[PDB]
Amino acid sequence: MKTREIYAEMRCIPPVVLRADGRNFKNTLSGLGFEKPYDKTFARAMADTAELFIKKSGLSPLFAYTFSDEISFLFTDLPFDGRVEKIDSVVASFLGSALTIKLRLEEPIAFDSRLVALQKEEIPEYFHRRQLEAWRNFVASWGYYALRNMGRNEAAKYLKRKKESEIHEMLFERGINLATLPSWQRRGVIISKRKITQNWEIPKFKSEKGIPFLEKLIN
C-alpha cells in the first residue's frame, strides 16, 4: 500500500513559504465572545500560535507573518526533506492544536496549508502582496461592519462599486476613523527571532524603512 501513497514522496525546493489559512473560521469561531470585525484576543492568539510554532515545532522557520486568519512561514531549511504532504499536514496540525490551546476551545478547528514555491528574490514581493491583502480586508470588513450595524445582501449592495477612499469617507461619516486604528489591523504582525519577539507595529514592507526591515528578517 506504500505504492498507493502516490503523493508521499512529492517534494519542493528551498526557499518555500507555507501559508496556513483558518478553515471556515467565520462559522467555527462564532458563538464565542469575539468582537467584530477585529478581536484583539484572537489576533493575540494567532501571534502566540505562530510563536508557539517557532519555539516548539523544531522545524525552524526564519519568521512568521500573521494577520487573521492566516500565517505565512518562511523556510530555507525544508522540514521532512521537502515532502509536500508531510509539511502541509504536520504544520497545519500543529497550528490547529496550538490555536485550540491558546483559545481553550471546546470544539475543534482546522487550518488549511499550502506551499508557495518562491525563488529567493521573490520573497519580499510575496509578503508585500500578503500585506496588501491585509489592507483590503481591513478596509472592506470595517465598511461591512459599519453597515450591518442592514441585512447581508443589503449591506453588501451598498458597498458595491465603491472604492477604498469613499469607504474611508463613509466610515468616518459613520464615526469610524480608520487612519487612527491599531497598526496590527492595517498591517499585521511579525513574529521572529535568540529570543522570540512579536512585532505589532511593523512597517509597510515595500517602503523605507520597510524594505531593509524585511531584508534583515530574511538575512
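Note that residue numbering begins at 1 and tracks the sequence as displayed.
Unmodelled stretch separating residue 149 from residue 150: 1 to 3 residues (count of deposited-sequence residues without coordinates). Per the record, residue 193 and residue 194 are separated by 10 or more deposited residues that have no coordinates. The mean Cα B-factor in the deposited entry runs higher for 173 to 181 than for the other of 173 to 181 and 49 to 57. Just going by the entry, 60 to 68 versus 35 to 43 on mean CA temperature factor gives the higher value to 35 to 43. If you compare the C-alpha temperature factors of 9, 208, 201, 21 in the entry, 208 comes out highest.
Sort the modelled residues of the chain by CA B factor and residue 136 lands in the highest third.
Ranked by C-alpha B-factor against the other modelled residues of its chain, residue 145 falls in the highest third.
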